[PDB]
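Side chains included, hydrogens not; waters and symmetry mates left out as well; all remaining heavy atoms used. Numbers restart at 1 for each chain; the letters A, B, ... are given by sequence-line order, proteins then strands.
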Amino acid sequence: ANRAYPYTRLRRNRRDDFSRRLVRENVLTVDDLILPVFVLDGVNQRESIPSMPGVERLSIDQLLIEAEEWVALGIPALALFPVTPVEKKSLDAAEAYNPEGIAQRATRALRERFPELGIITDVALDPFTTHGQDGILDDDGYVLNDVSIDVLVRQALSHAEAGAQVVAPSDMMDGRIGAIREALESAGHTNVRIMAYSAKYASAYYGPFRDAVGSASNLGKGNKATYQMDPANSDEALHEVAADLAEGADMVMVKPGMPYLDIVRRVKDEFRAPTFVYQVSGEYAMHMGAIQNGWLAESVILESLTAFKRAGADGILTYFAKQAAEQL
Amino acid sequence: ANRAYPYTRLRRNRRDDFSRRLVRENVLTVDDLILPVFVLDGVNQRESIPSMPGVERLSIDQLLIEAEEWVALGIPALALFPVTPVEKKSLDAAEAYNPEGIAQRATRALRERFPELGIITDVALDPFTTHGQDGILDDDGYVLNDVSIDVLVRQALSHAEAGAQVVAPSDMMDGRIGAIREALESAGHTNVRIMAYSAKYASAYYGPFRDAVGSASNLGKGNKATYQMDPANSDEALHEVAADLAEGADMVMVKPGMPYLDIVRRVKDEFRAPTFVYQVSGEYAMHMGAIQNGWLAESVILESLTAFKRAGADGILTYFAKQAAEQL
Amino acid sequence: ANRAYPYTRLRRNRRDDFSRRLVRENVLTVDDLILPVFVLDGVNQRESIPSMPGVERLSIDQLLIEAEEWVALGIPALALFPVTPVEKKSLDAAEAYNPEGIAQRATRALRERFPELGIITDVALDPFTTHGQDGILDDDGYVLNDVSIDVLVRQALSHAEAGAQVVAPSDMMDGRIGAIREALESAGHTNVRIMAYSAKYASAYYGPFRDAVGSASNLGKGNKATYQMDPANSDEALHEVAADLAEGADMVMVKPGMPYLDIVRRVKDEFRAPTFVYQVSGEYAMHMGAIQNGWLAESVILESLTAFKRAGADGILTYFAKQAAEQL
Amino acid sequence: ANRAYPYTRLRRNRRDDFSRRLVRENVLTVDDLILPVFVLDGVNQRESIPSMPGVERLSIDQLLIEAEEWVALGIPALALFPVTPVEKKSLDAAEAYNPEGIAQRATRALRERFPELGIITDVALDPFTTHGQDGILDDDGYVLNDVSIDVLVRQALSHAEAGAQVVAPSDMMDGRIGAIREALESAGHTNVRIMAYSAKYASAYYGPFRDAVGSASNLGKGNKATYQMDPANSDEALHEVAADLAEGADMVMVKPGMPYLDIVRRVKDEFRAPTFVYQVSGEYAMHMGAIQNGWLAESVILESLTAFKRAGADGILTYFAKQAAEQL
Amino acid sequence: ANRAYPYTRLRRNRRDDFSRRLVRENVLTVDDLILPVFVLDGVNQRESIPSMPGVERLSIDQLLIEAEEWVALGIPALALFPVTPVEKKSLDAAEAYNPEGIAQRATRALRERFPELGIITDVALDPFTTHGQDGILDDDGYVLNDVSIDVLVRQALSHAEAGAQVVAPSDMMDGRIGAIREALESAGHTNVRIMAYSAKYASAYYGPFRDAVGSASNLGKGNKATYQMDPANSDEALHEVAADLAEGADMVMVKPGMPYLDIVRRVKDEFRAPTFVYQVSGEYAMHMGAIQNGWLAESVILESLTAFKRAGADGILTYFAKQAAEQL
Ligand SMILES: *[C@@H](CCC(=O)O)[C@@H](C)NC(C)=O
Ligand SMILES: *[C@@H](CCC(=O)O)[C@@H](C)NC(C)=O
Ligand SMILES: *[C@@H](CCC(=O)O)[C@@H](C)NC(C)=O
Ligand SMILES: *[C@@H](CCC(=O)O)[C@@H](C)NC(C)=O
Ligand SMILES: *[C@@H](CCC(=O)O)[C@@H](C)NC(C)=O
Ligand SMILES: [Mg+2]
Ligand SMILES: [Mg+2]
Ligand SMILES: [Mg+2]
Ligand SMILES: [Mg+2]
Ligand SMILES: [Mg+2]
Ligand SMILES: [Mg+2]
Ligand SMILES: [Mg+2]
Ligand SMILES: [Mg+2]
Ligand SMILES: [Mg+2]
Ligand SMILES: [Mg+2]
Ligand SMILES: [Mg+2]
Ligand SMILES: [Mg+2]
Ligand SMILES: [Mg+2]
Ligand SMILES: [Mg+2]
Ligand SMILES: [Mg+2]
Ligand SMILES: [Mg+2]
Ligand SMILES: [Mg+2]
Ligand SMILES: [Mg+2]
Ligand SMILES: [Mg+2]
Ligand SMILES: [Mg+2]
């Protein structure tokens with residue numbers, strides 16, 4: 001609009017707190033926060049994760065206890081990640097759909113205790129396979145697409161049966177959203193939301209999640225690269241999201257987060273649909289490490305989360321959800 | 001994105017409060033609120049306005065007292081509207097730039113008492129002319145454009161001298177923003193913001209403001225129609241805003257509000273600049289009347305304000321600012 | 001284009017390395033890298049920076065020696081940051097334009113020794129003021145815009161006189177690019193490029209830079225907030241860039257980097273001009289801390305830089321430039 | 001953005017090599033190169049092609065030997081073109097799907113010897129028909145669309161059975177991509193890519209390919225014009241590409257190349273999908289002829305390939321792939 | 001528009017000549033052709049150019065004779081290129097503005113003999129400098145921008161004085177179009193058109209032009225690269241064109257041609273202004289070489305020219321203009 005100095009001085013609105021508040025484009029609130037939680041089997045168990053300072057793996061009893069504080073803070077949902085015992089792992093990932101699996105038990109307990117709390121279950125095979133890869137392997141070690149979808153569908157159904165309001169398919173198999181949707185619709189789970197991990201990249205930022213859960217130790221290399229997206233590609237993410245919306249997803253997600261803010265922006269602008277983003281384990285760890293060392297002020301936590309809002313995210317999966325909910 | 005029932009059911013996200021909160025596109029906060037206030041001369045004066053139930057005209061001492069509660073609620077700014085004594089009115093609108101006028105006195109007092117509170121003064125001649133029209137009249141009763149700008153410029157300078165952080169030129173004279181900007185820059189008032197009333201319509205919704213201030217009793221007819229915009233025109237508002245941004249405005253405003261939400265949307269989308277909207281006296285009165293009669297629930301207040309945010313407004317001038325700041 | 005599973009399987013292109021390479025949208029090369037360097041006064045001085053593991057402050061002799069390896073690796077440019085002795089600081093920031101200042105001496109030495117190496121000098125007052133703020137302060141501690149520009153202009157001229165091919169104004173004063181351009185043109189420095197820090201945010205990610213240089217210890221708060229951009233604002237960055245291009249900038253920059261990738265994307269798309277991004281000290285430190293702790297694989301370095309390319313950056317200022325130039 | 005001389009001088013970035021490198025918009029790499037190769041029957045056979053100086057037709061043993069150097073150079077894929085013996089030609093193009101045809105034998109040999117090398121087979125009937133036209137002819141000499149698709153489908157299946165990672169249907173029959181996709185999916189060849197020749201023009205630039213392979217001697221005239229695109233049409237190419245993506249293509253191609261760079265640009269911009277371009281035999285020959293004559297410097301080779309990248313191509317089929325891979 | 005096989009078969013319109021003609025998007029006509037001609041000093045001189053088979057350098061008498069046939073064919077304009085005698089070359093390029101220079105003499109003769117024929121003179125210093133570079137050199141061999149513009153302005157004025165309807169500034173100096181326009185307007189040459197070479201690349205395709213004229217023997221390397229555009233850059237061409245239109249150009253040109261068709265497309269789409277393209281000497285030579293060798297049919301000539309029309313060119317500078325005008 002032909003704005004020119006000195007008629008236009010962009011510092012005027014910045015002069016005072018009141019005018020900064022008046023022109024501020026985005027605001028972060030507790031409504032934007034989803035807390036991922038690592039869930040152990042057994043009872044009375046709490047375990048620190050060395051590569052995620054401050055994060056604990058919790059047995060279900062402990063989870064129920066901690067959840068009361070998260071509900072009180074107004075965090076709208078949890079994303080559950082079971083820490084499967086090694087003895088429950090198999091080549092067919094059968095534990096994924098065990099009605100008495102950790103995820104199913106934890107969902108039933110939380111739905112009963114806190115009916116208004118959102119439970120987002122993880123539809124994925126990596127915590128259940130002996131090899132820790134994100135699906136069923138053929139003879140050459142390749143993750144079979146359609147065979148893996150059969151297991152994911154059973155898993156999603158078992159989560160719906162346990163009372164999950166949202167199932168979140170996080171393994172990058174083609175066409176899984178449509179298959180899971182068809183199965184939920186056919187079984188009468190009309191209102192179970194699907195939060196698709198639509199543009200999930202072959203990233204090294206998932207490093208600490210291995211320590212937390214005990215899944216694949218290989219990250220961002222040749223095996224993952226046959227289903228997770230190449231970090232170099234942006235246009236391809238639009239094709240991923242378009243397919244997931246056509247297949248019935250209620251929400252779509254970009255993962256990792258901060259290293260992919262341009263993707264969040266393009267996805268929100270292109271589809272105008274509910275868009276989510278995951279601030280992953282490695283993003284949490286690198287921030288925490290710098291804070292603990294006195295290299296960065298604790299204020300980077302809210303700045304990092306404000307960035308997701310500005311980029312177009314409706315909600316953010318973040319291990320900082322509790323700390324953020326206090327600072328807000 | 002080829003979304004189709006039953007794969008897509010838009011009710012799933014609506015099923016539960018937590019998912020509604022996760023997908024909610026806009027949130028209203030106290031940062032979005034500007035409270036207009038009617039200011040009397042003298043001391044220890046409070047007067048109810050019959051056509052604006054609940055709104056009082058206040059002398060400066062009373063204003064200072066009430067402002068403490070508004071600051072406490074976190075309202076970022078006030079928009080001052082002096083109620084000029086009839087004996088101070090003139091054909092040349094000289095009281096507009098009186099260093100001891102109500103607006104100037106009130107600004108000095110508030111800037112000293114509450115340094116962080118935003119003061120938005122009204123750059124307009126209607127409260128100062130004997131005839132109550134929005135400028136200086138020629139022999140035929142026509143509001144002269146450039147002669148009126150000379151007075152507005154002096155008025156804006158007097159507001160800057162009194163300490164106003166923002167001057168808000170509300171009479172629709174062409175080119176006034178550039179003239180006021182040049183004068184402020186030349187006088188060294190480098191950081192005084194200009195909140196232009198850019199797309200201000202020839203509306204009947206200003207009815208109760210006459211009762212509040214004692215300005216022109218004619219609204220939305222032949223005289224006003226020679227400077228205020230025709231309610232039928234939308235494209236013309238884009239040309240108004242473009243000119244005001246080129247001339248140096250820091251913020252641009254649409255007025256009235258709810259009857260012009262499509263204009264707020266087009267202005268925000270077209271220019272991506274700080275966009276404000278005025279929920280005028282008549283919008284306040286019609287809501288209040290219906291609430292008092294038991295015809296509408298008090299919840300329409302937050303719904304009306306949420307509409308401005310959804311349409312693209314960064315801030316809202318609203319007589320409901322105090323009530324809203326409590327309900328939020 | 002109505003792409004649907006199973007006719008469309010986005011995994012097919014991901015199946016093999018050769019097809020991933022064929023469809024890869026972006027490639028990072030040494031041509032994209034700019035190395036920031038901290039320069040000490042004196043001779044035979046090297047100092048480790050505790051909050052930036054692996055980064056050293058170097059006297060000019062040491063810089064000349066290290067630069068031979070950077071040139072050999074094919075890094076196209078350095079961005080110089082002098083570490084001003086406390087005794088050279090003043091209220092008028094006079095050392096900024098000292099023909100014998102560290103930046104000027106280092107520029108002359110490098111231009112002579114490596115004629116093809118790009119030297120990007122820092123046009124900024126924070127390393128030269130006693131208080132460490134980004135300009136000249138008035139009585140209230142406010143950074144004066146136009147008075148600061150007078151000093152920046154002299155500084156930019158002194159850099160051009162020392163042989164700098166690029167001057168990079170990094171303090172967010174309004175209109176500085178036009179003022180610096182007019183002065184360079186009037187003095188006959190027709191080909192000195194201006195790399196504007198156009199959208200530079202009021203960020204906490206600059207933490208370790210304080211330790212490196214000894215500038216302002218306050219970051220992302222009330223003083224910085226009167227000139228650096230609010231992290232919440234995206235549209236405002238487009239207005240910043242538009243002004244800098246109109247004023248004559250040859251290149252425009254977003255800072256910080258990864259937490260602002262959506263801004264890089266919008267700026268590149270909106271203006272189609274040479275766009276740069278700064279992976280700042282705090283981004284370097286948090287990555288390095290996690291790598292050193294064994295929490296993240298060293299591969300996150302190339303992933304972080306690939307993200308800037310994918311988002312639309314033409315070049316990247318990064319303390320990882322040497323390590324990246326080897327891994328590429 | 002109101003850029004004006006002399007504030008803006010576009011020569012500043014051009015002044016020095018380092019700044020040219022910093023602002024360079026596109027870079028060509030070996031990852032962008034696909035080498036077409038002409039394959040003979042028999043053993044120990046190498047034949048020069050007079051109209052393609054430097055290009056040889058090779059028997060499979062020779063191809064295996066030469067391929068080691070191409071793999072070493074990092075060329076990601078070959079596009080195979082069999083030179084069918086006259087005695088193997090027929091009206092029903094049966095040799096197209098012979099499990100012991102040249103293309104099938106060459107694919108099996110290369111997949112075994114170099115597992116990481118991409119093999120792109122040619123799905124086309126012109127090398128197999130007695131008449132050399134691109135399909136099966138009816139009584140009037142018209143190329144029948146759906147009858148030709150039946151043969152192409154068998155051919156594509158035979159290539160998948162031989163181990164081809166990519167099948168590239170190059171005869172312009174309507175709907176062939178969908179038919180080939182359905183057949184591959186139904187047969188369990190889930191990951192065989194389809195590189196569609198989507199916008200293939202009725203061009204005279206294919207002249208030397210006749211000499212290389214021995215297919216149709218008529219080019220760009222009345223018969224070809226009933227399936228290949230009219231050189232005058234641009235919008236029509238968007239409809240061709242849209243259909244091929246809907247039908248399941250993993251990659252889409254424009255052919256010829258340089259005379260159709262505007263088409264490459266429109267296709268990439270319109271669909272944001274993996275886009276390929278063929279620098280055909282005639283483009284190779286005209287460049288080579290001029291180089292050999294001393295009329296053009298050898299640098300036109302990299303300039304020609306850089307043009308495809310700038311226009312939006314992800315990969316380039318080019319007889320210059322080996323020479324380019326050395327100069328890069 | 002959801003077009004799908006077999007409801008949509010794109011071959012139907014291709015079935016018959018009549019329907020191809022009905023849907024053909026672009027048509028080439030003699031109105032699109034501009035013939036470049038090389039002009040010698042003296043009388044009764046014709047010289048063949050070995051690297052441009054079929055092209056002759058002509059003295060003015062011969063040019064006048066040949067022009068009668070070009071006018072008869074309906075070619076709308078000639079672009080004149082003088083072949084300056086070595087004894088007329090100088091460091092100050094003074095022959096460029098000699099009222100008795102070849103270009104000026106040829107213009108006067110042609111304007112008198114064929115008043116309706118368009119004469120496009122070349123505003124450039126390379127045929128007049130001893131060194132053959134495209135401007136006046138400083139001590140370091142750098143082409144000075146503003147000093148070169150002073151000479152170009154005199155040259156353009158001398159062409160207007162000689163009767164040229166169009167002056168075509170072909171040396172890439174910044175701001176030259178505005179300078180030439182101001183001078184023409186101030187001298188009263190109100191209707192002299194400026195055909196700006198706006199996006200002229202640092203290309204190797206100009207090879208044969210050296211043989212024709214005797215200008216710089218260096219092409220597409222380090223000296224040319226400081227003013228001609230980098231072949232890798234597309235967005236930059238939009239900035240070049242925008243500046244030339246703002247400065248007063250009546251027509252804008254892309255050069256070279258076929259290797260830059262994507263640029264022609266972007267320029268036409270972005271500005272909707274009269275857009276021209278130069279099919280340069282090297283494009284002519286490579287086509288001619290292949291035709292003479294029997295490698296390409298003569299039909300590639302019309303296909304090459306049809307490509308420029310399809311890409312968005314209004315007119316084409318082409319050495320094939322006479323041959324094309326016959327085949328059309
Ligand atoms: C994503 C990783 C989350 C994190 O790193 O914090 C989840 C769904 N699991 C895997 C195996 O990628
Ligand atoms: C606008 C009217 C506000 C209202 O009606 O509440 C102001 C600036 N004044 C006039 C006279 O229109
Ligand atoms: C930017 C900070 C760079 C960093 O943190 O690495 C520079 C130009 N200086 C300041 C004071 O912000
Ligand atoms: C295209 C021609 C390639 C070339 O000319 O180099 C191929 C697929 N075949 C035909 C017959 O057009
Ligand atoms: C352009 C070259 C034309 C050609 O190669 O045919 C002209 C204007 N001159 C130069 C020196 O580039
Ligand atoms: Mg997984
Ligand atoms: Mg997917
Ligand atoms: Mg949002
Ligand atoms: Mg939200
Ligand atoms: Mg008024
Ligand atoms: Mg106006
Ligand atoms: Mg808003
Ligand atoms: Mg707001
Ligand atoms: Mg600074
Ligand atoms: Mg700025
Ligand atoms: Mg780029
Ligand atoms: Mg680059
Ligand atoms: Mg064919
Ligand atoms: Mg087709
Ligand atoms: Mg590309
Ligand atoms: Mg590529
Ligand atoms: Mg020239
Ligand atoms: Mg130019
Ligand atoms: Mg046209
Ligand atoms: Mg034309």
Open item on the list: If I measure from the heavy atoms of chain D, does E/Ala290 come under 4.5 Å with its side chain, its backbone, both, or neither?
Closed with: side chain
Task: Which portion of E/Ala243 sits near chain D, non-hydrogen atoms under 4.5 angstrom - done: neither
- [ ] Mind checking the CG-OG spacing from E/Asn26 to D/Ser234? Nearest 0.5 Å is all I need.
- [x] 7.5 Å
Open item on the list: For the interface with chain E, which of D/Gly207, D/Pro231, D/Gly289 has the highest count of heavy-atom pairs at distances below 4.5 Å?
Closed with: D/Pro231
- [ ] List the atom of E/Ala204, the atom of D/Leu296, and the distance in Å for their closest heavy-atom pair.
- [x] O-CD2, 3.4 Å
- [ ] Examine whether an atom of D/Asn145 lies under 4.5 Å from a heavy atom of chain E, and if so say whether it belongs to the side chain, the backbone or both; otherwise answer neither.
- [x] both
Task: Contact winner vs chain D - E/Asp235, E/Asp269, E/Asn293, E/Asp16, heavy-atom pairs under 4.5 Å - done: E/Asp235
- [ ] Let me know if D/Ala311 has heavy atoms under 4.5 Å from chain E in its side chain, its backbone, both or neither.
- [x] both
TODO: Measure the spacing between CZ of D/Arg11 and CE of E/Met229 and express it to the nearest 0.5 Å.
DONE: 14.0 Å
TODO: Report the distance from atom CZ of D/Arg14 to atom OG1 of E/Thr226, rounding to the nearest 0.5 Å.
DONE: 9.0 Å
Task: Rounded distance (nearest 0.5 Å) linking atom CZ of E/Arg310 with atom OH of D/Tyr260 - done: 5.5 Å
- [ ] Under 4.5 Å heavy-atom distance to chain E, tell me which part of D/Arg210 shows up: side chain, backbone, both or neither.
- [x] neither
Task: Max heavy-atom pair count under 4.5 Å with chain E, selected residue of D/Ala246, D/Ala307, D/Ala242, D/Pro259 - done: D/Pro259
Open item on the list: Using heavy-atom distances under 4.5 Å, tell me whether E/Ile263 contacts chain D through its side chain, its backbone, both, or neither.
Closed with: side chain
Open item on the list: Quick check for you: among E/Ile291, E/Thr306, E/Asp174, which has the greatest number of heavy-atom pairs under 4.5 Å with chain D?
Closed with: E/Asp174
Task: D/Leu219 portion near chain E, given a 4.5 angstrom heavy-atom threshold - done: neither
Task: Proximal component of E/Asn233, with respect to chain D [non-hydrogen, under 4.5 Å] - done: both
- [ ] Rounded to the nearest 0.5 Å, what's the gap from CG on E/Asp211 to CH2 on D/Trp295? Could you check?
- [x] 10.5 Å
Open item on the list: So for D/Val300, is it side chain, backbone, both, or neither that comes closer than 4.5 Å to the heavy atoms of chain E?
Closed with: both
Open item on the list: Does any backbone or side-chain atom of E/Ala4 lie under 4.5 Å from a heavy atom of chain D? Answer side chain, backbone, both or neither.
Closed with: neither
- [ ] Please flag which part of D/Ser203 lies under 4.5 Å from any non-hydrogen atom of chain E: side chain, backbone, both or neither.
- [x] both
Task: Interface moiety of D/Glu240 toward chain E, non-hydrogen atoms closer than 4.5 Å - done: both
- [ ] Check each atom of E/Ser304 against the heavy atoms of chain D and say whether the ones under 4.5 Å are side chain, backbone, both or neither.
- [x] both
Task: Under 4.5 Å from a heavy atom of chain E, the part of D/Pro6 involved - done: neither
TODO: Could you look at D/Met172 and say if it's the side chain, the backbone, both or neither that has a heavy atom under 4.5 Å from chain E?
DONE: both
Open item on the list: Please classify the contact between E/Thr8 and chain D as side chain, backbone, both or neither, with a heavy-atom cut-off of under 4.5 Å.
Closed with: neither
Task: Polar side-chain atom of D/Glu236 near backbone of E/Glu25 as donor-acceptor pair, under 3.5 Å - done: no
TODO: Starting at OH of D/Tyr5, measure out to CD of E/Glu247 and round the result to the nearest 0.5 Å.
DONE: 8.5 Å
Open item on the list: Within the structure provided, determine whether D/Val264 and E/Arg265 are in side-chain contact (heavy-atom separation under 4.5 Å).
Closed with: no
Task: D/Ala285 portion near chain E, given a 4.5 angstrom heavy-atom threshold - done: both
Open item on the list: Between E/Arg24 and D/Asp230, does any side-chain N to carboxylate O distance fall below 4.0 Å?
Closed with: yes
